[PDB]
Amino acid sequence: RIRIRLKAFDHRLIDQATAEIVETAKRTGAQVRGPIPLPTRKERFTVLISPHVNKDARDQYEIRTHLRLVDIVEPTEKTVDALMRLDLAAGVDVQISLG
Amino acid sequence: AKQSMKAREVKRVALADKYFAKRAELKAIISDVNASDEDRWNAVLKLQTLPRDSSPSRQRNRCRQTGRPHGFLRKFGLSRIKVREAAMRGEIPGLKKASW
Amino acid sequence: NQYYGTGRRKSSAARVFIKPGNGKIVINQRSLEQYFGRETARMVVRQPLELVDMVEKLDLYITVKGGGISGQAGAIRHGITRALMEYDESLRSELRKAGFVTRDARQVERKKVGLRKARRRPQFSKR
Amino acid sequence: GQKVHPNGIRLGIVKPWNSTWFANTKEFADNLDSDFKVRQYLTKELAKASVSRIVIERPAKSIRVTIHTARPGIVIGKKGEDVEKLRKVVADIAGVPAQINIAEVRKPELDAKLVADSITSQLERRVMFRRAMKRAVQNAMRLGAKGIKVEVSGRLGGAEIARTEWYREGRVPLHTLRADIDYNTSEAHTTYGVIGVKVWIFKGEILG
Amino acid sequence: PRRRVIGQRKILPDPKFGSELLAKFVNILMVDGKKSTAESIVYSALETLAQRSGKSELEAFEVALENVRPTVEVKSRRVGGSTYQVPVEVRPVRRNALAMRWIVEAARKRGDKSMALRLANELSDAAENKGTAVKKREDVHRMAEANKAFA
Amino acid sequence: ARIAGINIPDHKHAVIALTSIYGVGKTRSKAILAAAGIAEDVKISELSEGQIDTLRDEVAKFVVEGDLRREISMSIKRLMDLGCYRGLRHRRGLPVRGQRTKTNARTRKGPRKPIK
Amino acid sequence: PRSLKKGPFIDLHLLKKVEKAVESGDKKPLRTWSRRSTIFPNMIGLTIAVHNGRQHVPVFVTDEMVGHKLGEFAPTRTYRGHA
RNA sequence: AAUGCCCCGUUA
RNA sequence: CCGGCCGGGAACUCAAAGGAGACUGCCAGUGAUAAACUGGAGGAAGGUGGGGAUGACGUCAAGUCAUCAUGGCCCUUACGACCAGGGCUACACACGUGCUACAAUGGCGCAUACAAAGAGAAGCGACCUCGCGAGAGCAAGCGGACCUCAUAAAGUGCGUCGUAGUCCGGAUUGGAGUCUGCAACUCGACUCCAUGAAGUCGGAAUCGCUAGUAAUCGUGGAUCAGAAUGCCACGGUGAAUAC
Ligand SMILES: [Mg+2]
Ligand SMILES: [Mg+2]
Ligand SMILES: [Mg+2]
Ligand SMILES: [Mg+2]
Ligand SMILES: [Mg+2]
Ligand SMILES: [Mg+2]
Ligand SMILES: [Mg+2]
Ligand SMILES: [Mg+2]
Ligand SMILES: [Mg+2]
Ligand SMILES: [Mg+2]
Ligand SMILES: [Mg+2]
Ligand SMILES: [Mg+2]
Ligand SMILES: [Mg+2]
Ligand SMILES: [Mg+2]
Ligand SMILES: [Mg+2]
Ligand SMILES: [Mg+2]
């Protein structure tokens with residue numbers, strides 16, 4: 001089997017990317033597990049917005065890293081090179097892992 | 001900050017990357033519990049001889065845009081002010097004003 | 001034929017499974033007297049079975065996660081009430097009047113910048 | 001100073017991010033630095049071109065930079081030399097294969113940064129800030145912006161006591177969040193110091 | 001407050017006997033959120049007082065609260081060119097709470113060994129019309145009677 | 001109960017009774033009791049004389065009041081005679097470990113002395 | 001205190017200078033700035049002028065100071081009294 | 001039906 | 001192998017992702033046939049359901065030329081640059097903000113139960129061994145719903161202490177050490193042994209808080225080679241009162 005881990009800061013982008021992945025999988029190979037959504041990372045930051053002195057004035061930002069996992073259990077010869085040829089949008093990190 | 005301080009930090013990091021290996025193995029042979037007393041003595045002496053700026057503990061994290069030493073954020077390499085301005089301008093991907 | 005219910009509290013989550021039996025209790029593979037070593041927790045988890053006198057007619061295999069003892073007790077009470085709904089569908093008005101179906105949304109408030117806690121301000125002084 | 005940045009507060013709902021790429025903590029900093037240097041060099045080089053917005057996306061070890069500008073004929077110069085030189089130099093800067101795209105933005109009188117740069121050029125060539133602001137607002141409302149505000153501040157007219165003036169026309173709601181508020185700013189370096197200018201352009205509410 | 005009157009929040013009765021009064025008493029006695037410790041203390045002291053004075057815990061507690069219960073408190077009015085300490089009647093919830101508060105305060109002040117013992121001694125003294133609780137009750141009654149010239 | 005040249009609380013438990021000695025804390029006292037083979041909660045009053053003799057032998061194996069007095073005094077004197085930073089601090093009455101002194105040094109500086 | 005296994009720390013230049021001085025038998029103030037170096041038995045009978053900011057204060061090394069550092073004997077903050 | 005009170009340097 | 005272990009099951013918690021829902025919607029009354037208010041039927045939530053972000057015209061010539069940018073002025077063999085050491089930590093004293101306490105709702109020893117939220121590659125660093133301990137040697141797994149950080153504490157049951165400046169308090173100090181770092185004297189943190197100040201609830205005066213709030217109990221992170229009782233976040237128990 002092969003696991004594909006997608007991650008991105010854009011929810012709609014990651015969702016459409018994993019949709020394209022599962023589509024090409026069901027097209028070329030068969031028996032793709034599914035796009036299971038994993039817990040998202042929320043990396044927070046607090047920043048003093050004043051230049052010199054304001055210890056109570058603070059902006060509070062956070063990066064939301066959404067994560068998705070899909071699994072293919074019946075990998076054919078064409079599926080691998082197909083998903084390798086597939087170049088996806090910018091802002092999505094994809095990791096392949098056999099096993 | 002000052003161009004002098006920025007160039008100083010650059011020299012610090014350069015010498016650190018240069019003498020990393022030798023300093024690392026010297027620290028290793030020193031901390032080695034199964035090493036000879038005289039060998040460890042000579043190793044400490046050579047470490048002393050080595051430049052001080054070659055120590056990674058000597059370099060200070062500075063904003064890559066202004067050189068500000070305070071308010072540094074490792075995740076971005078910029079001071080808090082530059083981080084906020086870039087976020088507001090839309091340069092830091094994924095970063096947005098939070099609430100909960 | 002087990003009837004299922006879900007209860008929730010501050011940070012707790014309780015799965016309740018009820019079957020008509022003698023009226024024994026099992027919480028996380030333990031009895032209530034062993035899990036909730038507190039009379040208040042025991043009374044609150046038993047409340048609905050006294051509101052509607054069926055404490056000796058239904059055994060139940062309950063599990064719970066998250067929160068403390070009182071939070072888990074409230075979650076178990078909520079789940080037991082929900083399961084009683086799913087089972088009877090006639091005690092809804094009684095449990096409403098008793099105040100058991102309303103899921104307590106009194107969640108812990110967050111800490112805000114410039115404050116020592118959610119609402120406490122630091123020491124203020126003119127001088 | 002209390003007002004929050006419109007782009008910052010709308011960066012998730014309606015307004016998008018300029019830089020759109022994913023990275024881990026190991027290269028986030030160097031990626032930010034490369035983006036800063038690229039934007040700096042572009043703004044420095046093509047300044048006489050009405051560049052509105054430089055966006056960057058680095059998918060799979062290859063940077064793609066889209067310049068939304070109003071004078072693409074100028075940014076390209078003779079067909080196929082300037083863009084190629086810029087691609088080569090930016091690839092050298094970033095250490096990654098570079099690709100360049102040009103986006104012709106119609107109605108340059110509706111871009112917050114183009115109007116700001118125009119006003120900057122005006123009151124650097126010593127044009128009356130009042131006339132500049134008024135003509136900008138008029139051109140915008142004529143081209144059809146549902147709202148526009150423009151403010152200047154600092155050493156207006158070589159005065160010794162600095163002040164801030166602002167002209168508003170139409171409907172520019174900032175407290176609302178779904179509104180399309182293209183906001184930007186710039187600054188002029190005159191003999192008497194620095195004059196800052198900000199521009200808000202309300203296109204219309206976006207019901208997504 | 002100025003704008004509106006509010007709704008009262010519910011208090012869960014105690015498991016041992018089901019008395020909302022006892023629940024309020026233990027909620028007054030507790031500190032730093034140690035309701036378990038407060039319940040242990042109050043139950044121990046109540047059982048002690050019961051086996052001491054005969055009748056059950058509820059009867060002992062209610063007779064003590066009745067002996068400590070006030071009826072007329074005093075308030076400041078500041079009407080016009082003169083300030084007045086006018087006496088005014090008390091409502092049931094208010095007088096019950098004041099009785100409980102005075103009782104717990106007297107227990108805290110008492111220099112016995114254990115808090116349960118302190119509370120039991122104070123409750124017995126109040127039932128037999130003794131202690132700083134009934135003392136303060138009589139003091140406020142005397143003050144109200146003195147200031148009775150205002151209505 | 002007289003041990004190490006000083007009396008001992010008779011009604012207190014053995015552990016605290018031994019801690020009452022200058023130079024013996026809770027852990028050293030527990031070790032003494034273990035070596036002597038006596039419970040940590042046995043009162044000295046109900047104890048026999050042989051156990052007290054064993055305790056005397058153990059405290060003698062360890063250091064005692066006057067010995068500690070002499071050791072501490074001689075160390076501090078050596079310091080303040082060498083004139084090191086620590087000796088200077090000792091003689092001047094200021095903290096030695098390196099605490100702040102522009103405020104909150106009352107333990108060494110004694111009560112406050114108004115300026116007059 | 002420094003780690004025992006690491007051994008005592010002393011500057012190479014100070015060590016070489018004290019070696020030369022003890023070999024030459026010269027009784028001169030050995031000027032240095034290494035207030036961090038710990039004293040060694042080879043220094044007894046000598047006089048080290050260690051920097052303390054303004055200038056080098058001289059200290060005559062004895063035996064019972066061996067386990068110490070010259071910064072302990074070279075003060076830096078000059079304080080007499082507020083009034 | 002009328003218990004506390006007095007004051008803020010100069011130019012701009 | 002009594003451990004969801006490992007077949008299996010996709011029901012449930014859970015993970016998101018998309019939707020439904022709460023809008024005075026309906027009922028009775030009041031109101032000027034209105035707005036709107038009162039009460040109740042449903043409902044998880046009823047009237048802004050709770051919290052956060054969002055801060056108009058402008059004031060304080062408020063703060064920041066030491067984040068940055070910048071007009072003018074000022075030095076150009078020094079007001080520029082480099083290096084070692086010291087200082088920014090001083091100390092007759094006064095003030096503000098916090099932590100720890102004065103104790104029995106407690107201290108101590110034993111056993112034991114219930115979380116959330118986050119970090120990790122010059123990193124987190126199991127297990128095992130050594131050392132009373134800080135930690136040291138070996139060292140798997142982990143770019144992490146998988147491994148580590150990481151044991152939650154208050155609480156619960158048992159025994160003791162029995163109101164003693166005490167088995168409360170831990171400051172100060174002496175001795176021996178561990179870690180980082182070239183280098184812990186000025187000037188880091190921590191451990192072990194011993195020592196055991198003041199304090200016995202605090203004058204005038206004054207502060208925060210209206211509910212999962214105060215109060216209390218712990219946990220994590222940014223900074224960071226090392227260095228918080230502060231800052232920012234998470235959760236457990238959980239009040240009184242508002243005529
Ligand atoms: Mg994580
Ligand atoms: Mg500069
Ligand atoms: Mg004050
Ligand atoms: Mg604001
Ligand atoms: Mg210090
Ligand atoms: Mg006068
Ligand atoms: Mg209602
Ligand atoms: Mg220096
Ligand atoms: Mg300072
Ligand atoms: Mg406190
Ligand atoms: Mg960390
Ligand atoms: Mg306990
Ligand atoms: Mg005293
Ligand atoms: Mg000790
Ligand atoms: Mg006492
Ligand atoms: Mg805390």
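Read-outs: derived from the displayed coordinates by stated rules, not from any lab. Heads up, the Cβs are rebuilt from the backbone with ideal geometry, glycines too, and the neighbour counts pull from every protein chain shown.
With r defined as the distance between the Cβ atoms of residue F:43 and residue E:40 and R0 fixed at 25 Å, what FRET efficiency is calculated, to the nearest 0.05?
0.25
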- Charged-residue dipole, Cβ positions (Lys, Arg, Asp, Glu), the protein assembly as shown about Cα centre, Debye nearest 20: 4300
- Task: Would you please name the GluC sites (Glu not before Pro) within the stretch C:1-106 that are DSSP coil residues with at most 12 other C-beta atoms within 10 Å of their C-beta?
- Result: C:56, C:89
- Task: With everything on Cα atoms, drop me the angle between helix B:37-49 and the longest principal axis of chain B, reported from 0 to 90° to the nearest 10.
- Result: 40
- Task: With r as the distance between the Cβ atoms of residue D:191 and residue D:130 and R0 = 30 Å, compute the FRET efficiency 1/(1 + (r/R0)^6) and round to 0.05.
- Result: 0.95
- Query: If you plug each phi of the stretch C:32-39 into the Karplus form 6.51 cos²θ - 1.76 cosθ + 1.60 with θ = phi - 60°, what whole-Hz ³J(HN,Hα) values come out, in order, with x for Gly and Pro?
  - Reply: 5, 5, 8, 7, 8, x, 8, 5
- Could you work out the mean count of beta carbons from other protein chains within 10 Å of each residue's beta carbon in G:70-83? 2
- Message: With an 8 Å Cα cut-off and a minimum separation of 6 or more residues, compute the relative contact order for the stretch D:1-102 in percent.
- Response: 25
- Query: Using only the Cα atoms, what convex hull volume per residue in Å³ does chain D have?
  - Reply: 151
- Message: I want to check a number: in chain C, how many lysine pairs have alpha carbons closer than 21 Å, given a sequence separation of 8 or more or different chains?
- Response: 7
- What shape does the stretch D:16-106 have by the C-alpha gyration tensor, where a ≥ b ≥ c are the square roots of the eigenvalues, rounded means a/c under 1.5, and otherwise prolate means a/b greater than b/c and oblate the rest? prolate
- Listed highest first by mean packing, meaning other Cβ atoms within 10 Å per residue, what order do B:24-34, E:118-128, A:66-76 come in? E:118-128, A:66-76, B:24-34
- Item | Over chain B, relative contact order from alpha-carbon pairs under 8 Å, at least 6 apart, % | 23
- Note on the structure: Any residue on another chain or 5+ positions along whose placed amide H is under 5 Å from the amide H of residue D:205 is listed here as D:180
- Item | For B:73-80, mean number of other protein chain Cβ atoms within 10 Å | 5
- Charge dipole of the stretch E:20-143 about the Cα centre (unit charges at C-beta), most positive-ward option of E:86, E:99, E:140: E:86
- Task: State the Cα centre-to-centre distance between the stretch C:28-96 and the stretch G:1-58 in whole Å.
- Result: 78
- Item | For chain D, built as a Gaussian network whose Cα springs stay under 10 Å, the top-fluctuating residue of D:15, D:78, D:146 | D:78
- Across peptide D:8-17, how many C-beta atoms of other chains are within 10 Å of each residue C-beta, on average? 5
- Task: Enter the angle in degrees (range 0 to 90, nearest 10) between the Cα long axis of helix D:82-94 and the first principal axis of the Cα atoms of chain D, meaning the one along which they spread out most.
- Result: 70
- Which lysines does residue B:11 reach when only Cα atoms under 27 Å apart count, and residues fewer than 8 places away in its own chain are ignored? B:2, B:22, B:27, B:46, B:75, B:82, D:26, D:37
- Task: Find how many whole Å separate the alpha carbon centroid of the stretch D:188-206 from the alpha carbon centroid of the stretch E:1-35.
- Result: 59
- Note on the structure: Computed ³J(HN,Hα) along the stretch D:50-65: with the Karplus parameters 6.51/-1.76/1.60, θ = phi - 60°, integer Hz and x for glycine or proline, the list is 6, 7, 8, 7, 10, 10, 9, 9, 10, x, 6, 6, 6, 8, 10, 10
- With -39,500 (n - 2.57) per DSSP H segment of 4 or more residues and division by the full residue count of chain G, the 222 nm estimate, nearest 500 deg cm²/dmol, is -5500 deg cm²/dmol
- Message: Students often forget the sequence filter, so: which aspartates and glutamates lie under 15 Å Cα-Cα from residue G:27 once same-chain residues fewer than 8 apart are removed?
- Response: G:19
- By a straight-distance test (C-alpha under 19 Å), which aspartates and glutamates pair with residue E:35 as possible cross-link partners, with residues fewer than eight away in the same chain excluded? C:33, C:39, E:14, E:20, E:47, E:105
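Could you tell me what % of all Cα pairs in the stretch B:1-90 have separations over 20 Å?
51
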- Item | Simple spin-label estimate for residue B:48 and residue A:12 in nanometres, 7 Å along Cα-Cβ | 6.7
- Item | Two-site label geometry, residue E:149 and residue B:6: point separation in nm, points 7 Å out along Cα→Cβ | 8.5
- Note on the structure: Computed curve, the stretch C:34-127, Cα-only Debye sum without solvent term, log₁₀ I(q)/I(0) at 0.17, 0.26 Å⁻¹, is -0.80, -1.45
- Just the number, please: Stokes-Einstein D of chain A in µm²/s, Kirkwood Rh from C-alpha pairs, 37 °C, 0.692 mPa s. 214
- Heads up, the stretch E:30-76 by the C-alpha gyration tensor (a ≥ b ≥ c square roots of eigenvalues; a/c under 1.5 rounded, else a/b over b/c prolate, else oblate) looks oblate
- Query: Taking the Cα atoms only, what angle lies between the long axis of helix G:12-24 and the longest principal axis of chain G, rounded to 10 degrees?
  - Reply: 70
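If you put +1 on each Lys and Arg Cβ and -1 on each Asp and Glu Cβ, how big is the dipole of the stretch E:20-143 around its Cα centre, in Debye rounded to 20?
I would put it at about 580 debye.
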- Cα centroid separation - the stretch C:10-24 against the stretch B:21-70, whole Å: 62
- Message: Restricting the calculation to Cα positions, tell me the Rg (one decimal) and the Dmax (whole number) of the stretch E:20-143 in Å.
- Response: 15.9, 57
- In whole Å, what three semi-axes, largest first, describe the equivalent ellipsoid of the stretch C:5-87 built from its Cα gyration tensor (square root of 5 times each eigenvalue)? 18, 14, 12
- Task: Kindly identify the protein assembly as shown as rounded, prolate or oblate by the Cα gyration tensor criterion: order the square roots of the eigenvalues as a ≥ b ≥ c, call it rounded if a/c is under 1.5, otherwise compare a/b with b/c, prolate if a/b is larger, else oblate.
- Result: oblate
- Message: Given the C-alpha atoms of chain G, compute the convex hull and give its volume per residue in Å³.
- Response: 117
- Using modelled backbone amide H atoms (1.01 Å from N, in-plane), which distant-in-sequence or interchain residues come within less than 5 Å of residue G:30's amide H? G:47, G:48, G:49
- Task: Set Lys and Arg Cβ to +1 and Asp and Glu Cβ to -1, take the dipole of the stretch F:2-103 about its Cα centre, and tell me which of F:14, F:82, F:27 lies farthest positive.
- Result: F:82
- Task: Could you compute the FRET efficiency for residue D:142 and residue A:54, with r as their C-beta to C-beta distance and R0 at 51 Å, rounded to 0.05?
- Result: 0.75
- Each label sits 7 Å from Cα toward the beta-carbon; between residue E:109 and residue D:66 the label points are separated, in nm, by 7.9
- Result: in the stretch D:107-206 the number of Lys pairs with C-alpha under 13 Å apart, spaced 8 or more or on different chains, is 7
